[PDB]
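One file, start35.pdb, carrying PDB, C-alpha atoms:
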```pdb
ATOM      1  CA  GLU A  61      58.326  60.934 136.353  1.00  0.00           C
ATOM      2  CA  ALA A  62      55.787  63.737 135.925  1.00  0.00           C
ATOM      3  CA  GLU A  63      53.417  61.244 137.453  1.00  0.00           C
ATOM      4  CA  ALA A  64      56.114  61.042 140.161  1.00  0.00           C
ATOM      5  CA  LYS A  65      55.912  64.826 140.786  1.00  0.00           C
ATOM      6  CA  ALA A  66      52.176  64.483 141.264  1.00  0.00           C
ATOM      7  CA  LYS A  67      52.647  61.575 143.706  1.00  0.00           C
ATOM      8  CA  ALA A  68      55.053  63.677 145.700  1.00  0.00           C
ATOM      9  CA  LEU A  69      52.420  66.427 145.790  1.00  0.00           C
ATOM     10  CA  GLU A  70      50.044  64.054 147.549  1.00  0.00           C
ATOM     11  CA  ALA A  71      52.503  63.232 150.330  1.00  0.00           C
ATOM     12  CA  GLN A  72      52.747  66.604 151.953  1.00  0.00           C
ATOM     13  CA  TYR A  73      49.172  67.328 151.158  1.00  0.00           C
ATOM     14  CA  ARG A  74      48.030  64.269 153.107  1.00  0.00           C
ATOM     15  CA  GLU A  75      50.597  64.450 155.857  1.00  0.00           C
ATOM     16  CA  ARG A  76      50.431  68.042 156.987  1.00  0.00           C
ATOM     17  CA  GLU A  77      46.673  67.963 156.680  1.00  0.00           C
ATOM     18  CA  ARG A  78      46.380  65.005 158.971  1.00  0.00           C
ATOM     19  CA  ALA A  79      48.691  66.499 161.510  1.00  0.00           C
ATOM     20  CA  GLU A  80      46.983  69.865 161.664  1.00  0.00           C
ATOM     21  CA  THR A  81      43.490  68.557 161.986  1.00  0.00           C
ATOM     22  CA  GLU A  82      44.742  66.007 164.469  1.00  0.00           C
ATOM     23  CA  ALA A  83      46.009  68.811 166.612  1.00  0.00           C
ATOM     24  CA  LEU A  84      43.124  71.144 165.982  1.00  0.00           C
ATOM     25  CA  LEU A  85      40.364  69.425 167.888  1.00  0.00           C
ATOM     26  CA  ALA A  86      42.517  68.694 170.876  1.00  0.00           C
ATOM     27  CA  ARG A  87      43.525  72.285 171.349  1.00  0.00           C
ATOM     28  CA  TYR A  88      40.066  73.659 170.928  1.00  0.00           C
ATOM     29  CA  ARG A  89      38.513  71.055 173.089  1.00  0.00           C
ATOM     30  CA  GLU A  90      40.930  71.824 175.827  1.00  0.00           C
ATOM     31  CA  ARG A  91      39.913  75.466 175.740  1.00  0.00           C
ATOM     32  CA  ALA A  92      36.409  74.292 175.993  1.00  0.00           C
ATOM     33  CA  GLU A  93      37.483  72.173 178.942  1.00  0.00           C
ATOM     34  CA  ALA A  94      38.886  75.233 180.591  1.00  0.00           C
ATOM     35  CA  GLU A  95      35.970  77.485 179.957  1.00  0.00           C
ATOM     36  CA  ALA A  96      33.577  74.844 181.179  1.00  0.00           C
ATOM     37  CA  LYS A  97      35.056  74.734 184.571  1.00  0.00           C
ATOM     38  CA  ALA A  98      35.079  78.477 184.859  1.00  0.00           C
ATOM     39  CA  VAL A  99      31.359  78.777 184.218  1.00  0.00           C
ATOM     40  CA  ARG A 100      30.578  76.198 186.883  1.00  0.00           C
ATOM     41  CA  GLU A 101      32.530  78.332 189.224  1.00  0.00           C
ATOM     42  CA  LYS A 102      30.456  81.408 188.210  1.00  0.00           C
ATOM     43  CA  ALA A 103      27.359  79.308 188.826  1.00  0.00           C
ATOM     44  CA  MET A 104      28.309  78.335 192.406  1.00  0.00           C
ATOM     45  CA  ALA A 105      27.747  81.951 193.443  1.00  0.00           C
ATOM     46  CA  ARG A 106      24.358  82.361 191.856  1.00  0.00           C
ATOM     47  CA  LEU A 107      23.319  78.928 193.078  1.00  0.00           C
ATOM     48  CA  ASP A 108      21.800  79.654 196.460  1.00  0.00           C
ATOM     49  CA  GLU A 109      19.672  82.682 195.628  1.00  0.00           C
ATOM     50  CA  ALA A 110      17.980  81.016 192.626  1.00  0.00           C
ATOM     51  CA  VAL A 111      16.733  78.218 194.855  1.00  0.00           C
ATOM     52  CA  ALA A 112      15.675  80.665 197.597  1.00  0.00           C
ATOM     53  CA  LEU A 113      13.776  82.628 195.029  1.00  0.00           C
ATOM     54  CA  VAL A 114      12.284  79.577 193.455  1.00  0.00           C
ATOM     55  CA  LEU A 115      11.234  78.156 196.767  1.00  0.00           C
ATOM     56  CA  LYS A 116       9.166  81.162 197.743  1.00  0.00           C
ATOM     57  CA  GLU A 117       7.170  81.326 194.554  1.00  0.00           C
ATOM     58  CA  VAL A 118       5.552  77.911 194.466  1.00  0.00           C
ATOM     59  CA  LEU A 119       4.314  77.746 198.063  1.00  0.00           C
ATOM     60  CA  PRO A 120       0.672  79.071 198.175  1.00  0.00           C
TER      61      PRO A 120
ATOM     62  CA  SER B   2      84.307  65.295  87.082  1.00  0.00           C
ATOM     63  CA  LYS B   3      82.473  68.523  87.821  1.00  0.00           C
ATOM     64  CA  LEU B   4      79.054  67.019  87.035  1.00  0.00           C
ATOM     65  CA  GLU B   5      79.370  64.046  89.389  1.00  0.00           C
ATOM     66  CA  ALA B   6      80.945  66.214  92.083  1.00  0.00           C
ATOM     67  CA  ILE B   7      77.841  68.307  91.918  1.00  0.00           C
ATOM     68  CA  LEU B   8      75.564  65.251  91.880  1.00  0.00           C
ATOM     69  CA  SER B   9      77.249  64.031  95.042  1.00  0.00           C
ATOM     70  CA  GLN B  10      77.074  67.401  96.781  1.00  0.00           C
ATOM     71  CA  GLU B  11      73.420  67.844  95.926  1.00  0.00           C
ATOM     72  CA  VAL B  12      72.242  64.463  97.091  1.00  0.00           C
ATOM     73  CA  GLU B  13      74.371  65.171 100.070  1.00  0.00           C
ATOM     74  CA  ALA B  14      72.549  68.565 100.471  1.00  0.00           C
ATOM     75  CA  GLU B  15      69.334  66.626 100.188  1.00  0.00           C
ATOM     76  CA  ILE B  16      70.530  64.465 103.077  1.00  0.00           C
ATOM     77  CA  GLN B  17      71.146  67.639 105.041  1.00  0.00           C
ATOM     78  CA  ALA B  18      67.542  68.673 104.714  1.00  0.00           C
ATOM     79  CA  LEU B  19      66.172  65.235 105.709  1.00  0.00           C
ATOM     80  CA  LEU B  20      68.185  65.287 108.876  1.00  0.00           C
ATOM     81  CA  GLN B  21      67.181  68.825 109.675  1.00  0.00           C
ATOM     82  CA  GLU B  22      63.479  67.978 109.358  1.00  0.00           C
ATOM     83  CA  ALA B  23      63.817  64.804 111.424  1.00  0.00           C
ATOM     84  CA  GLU B  24      65.573  66.755 114.124  1.00  0.00           C
ATOM     85  CA  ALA B  25      62.726  69.269 114.181  1.00  0.00           C
ATOM     86  CA  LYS B  26      60.154  66.444 114.426  1.00  0.00           C
ATOM     87  CA  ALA B  27      62.069  65.218 117.442  1.00  0.00           C
ATOM     88  CA  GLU B  28      62.316  68.673 118.992  1.00  0.00           C
ATOM     89  CA  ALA B  29      58.592  69.347 118.684  1.00  0.00           C
ATOM     90  CA  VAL B  30      57.928  66.060 120.465  1.00  0.00           C
ATOM     91  CA  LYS B  31      60.501  66.930 123.119  1.00  0.00           C
ATOM     92  CA  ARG B  32      58.816  70.228 123.722  1.00  0.00           C
ATOM     93  CA  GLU B  33      55.318  68.759 123.728  1.00  0.00           C
ATOM     94  CA  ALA B  34      56.165  66.424 126.538  1.00  0.00           C
ATOM     95  CA  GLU B  35      57.639  69.208 128.552  1.00  0.00           C
ATOM     96  CA  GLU B  36      54.414  71.247 128.367  1.00  0.00           C
ATOM     97  CA  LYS B  37      52.222  68.246 128.933  1.00  0.00           C
ATOM     98  CA  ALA B  38      54.021  67.402 132.157  1.00  0.00           C
ATOM     99  CA  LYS B  39      53.975  70.986 133.413  1.00  0.00           C
ATOM    100  CA  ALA B  40      50.260  71.115 132.895  1.00  0.00           C
ATOM    101  CA  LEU B  41      49.604  67.948 134.810  1.00  0.00           C
ATOM    102  CA  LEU B  42      51.434  68.925 137.919  1.00  0.00           C
ATOM    103  CA  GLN B  43      49.494  72.159 137.746  1.00  0.00           C
ATOM    104  CA  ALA B  44      46.201  70.337 137.799  1.00  0.00           C
ATOM    105  CA  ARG B  45      47.118  68.369 140.849  1.00  0.00           C
ATOM    106  CA  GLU B  46      48.716  71.262 142.689  1.00  0.00           C
ATOM    107  CA  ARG B  47      45.533  73.243 142.414  1.00  0.00           C
ATOM    108  CA  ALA B  48      43.221  70.572 143.552  1.00  0.00           C
ATOM    109  CA  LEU B  49      45.290  69.397 146.474  1.00  0.00           C
ATOM    110  CA  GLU B  50      45.780  72.855 147.722  1.00  0.00           C
ATOM    111  CA  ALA B  51      42.090  73.383 147.763  1.00  0.00           C
ATOM    112  CA  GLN B  52      41.398  70.034 149.435  1.00  0.00           C
ATOM    113  CA  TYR B  53      43.577  71.050 152.262  1.00  0.00           C
ATOM    114  CA  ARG B  54      42.281  74.428 152.953  1.00  0.00           C
ATOM    115  CA  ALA B  55      38.717  73.179 153.019  1.00  0.00           C
ATOM    116  CA  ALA B  56      39.566  70.052 154.988  1.00  0.00           C
ATOM    117  CA  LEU B  57      41.074  71.997 157.804  1.00  0.00           C
ATOM    118  CA  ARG B  58      38.046  74.170 157.626  1.00  0.00           C
ATOM    119  CA  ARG B  59      36.063  71.133 158.613  1.00  0.00           C
ATOM    120  CA  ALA B  60      38.534  70.664 161.434  1.00  0.00           C
ATOM    121  CA  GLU B  61      37.652  74.170 162.676  1.00  0.00           C
ATOM    122  CA  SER B  62      33.998  73.475 162.296  1.00  0.00           C
ATOM    123  CA  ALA B  63      34.309  70.568 164.704  1.00  0.00           C
TER     124      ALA B  63
END
```
Rewrite the structure of this file - the entire thing - as structure tokens.
Amino acid sequence: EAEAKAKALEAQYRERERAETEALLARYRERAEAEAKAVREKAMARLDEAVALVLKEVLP
Amino acid sequence: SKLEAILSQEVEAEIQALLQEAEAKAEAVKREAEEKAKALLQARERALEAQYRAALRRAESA
């Protein structure tokens, strides 16, 4: 039954671990998802001028 | 008879010492097991705890 104690130790160790990691990516990823949109939206602004600028340079 | 009374009692005292030894040889065993078990759960508590903390670390790293 000391072998039993050790078995029991595994349970929680495997279970909680699973659960936390299983959550972890999701959450992080979704913050990534959020941030990603918001940098596009920054970009929008500084779209037009970049092209304008770029267009002038190449011409001669 | 006072001689045979004494022979009884002695042999009987000799019994008392056999029993007392045997008891101790049981007790030492009893106590061994107890330590042995304690030590085992310790080894697996340690390791699992570590394997947890690091695992999740790899979750963060992702």
Worksheet item: Given the choices A:97, A:76, A:106, A:91, which gets closest to residue B:52 if the distance is worked out from all atoms listed in the file?
Response: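 For residue B:52, the nearest of the given residues is A:76.
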Item to complete: Give me, please, the distance in Å between atom CA of residue A:84 and atom CA of residue A:72, quoted to one decimal.
Response: 17.6 Å
Worksheet item: atom CA of residue A:81 and atom CA of residue B:60, how far apart in Å?
Response: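 Computing it gives 5.4 Å between the two atoms.
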Discussion item. Please compute the atom CA of residue A:73-atom CA of residue B:62 distance, one decimal, in Å.
Written reply: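 Distance reported for this atom pair: 19.8 Å.
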Please build the interface table for chain A against chain B with a cut-off of 12 Å, listing for each qualifying residue the nearest atom pair and the distance in Å to one decimal; count only C-alpha atoms, order rows by chain and increasing number, and write it as CSV.
```
residue,atom,partner,partner_atom,distance
A:61,CA,B:38,CA,8.8
A:62,CA,B:38,CA,5.5
A:63,CA,B:42,CA,7.9
A:64,CA,B:42,CA,9.4
A:65,CA,B:42,CA,6.7
A:66,CA,B:42,CA,5.6
A:67,CA,B:45,CA,9.2
A:68,CA,B:42,CA,10.1
A:69,CA,B:46,CA,6.8
A:70,CA,B:49,CA,7.2
A:71,CA,B:49,CA,10.2
A:72,CA,B:49,CA,9.7
A:73,CA,B:49,CA,6.4
A:74,CA,B:53,CA,8.2
A:75,CA,B:53,CA,10.3
A:76,CA,B:53,CA,8.9
A:77,CA,B:53,CA,6.2
A:78,CA,B:57,CA,8.9
A:79,CA,B:57,CA,10.1
A:80,CA,B:57,CA,7.4
A:81,CA,B:60,CA,5.4
A:82,CA,B:60,CA,8.3
A:83,CA,B:60,CA,9.3
A:84,CA,B:60,CA,6.5
A:85,CA,B:60,CA,6.8
A:86,CA,B:60,CA,10.4
A:87,CA,B:61,CA,10.6
A:88,CA,B:61,CA,8.6
A:89,CA,B:63,CA,9.4
```
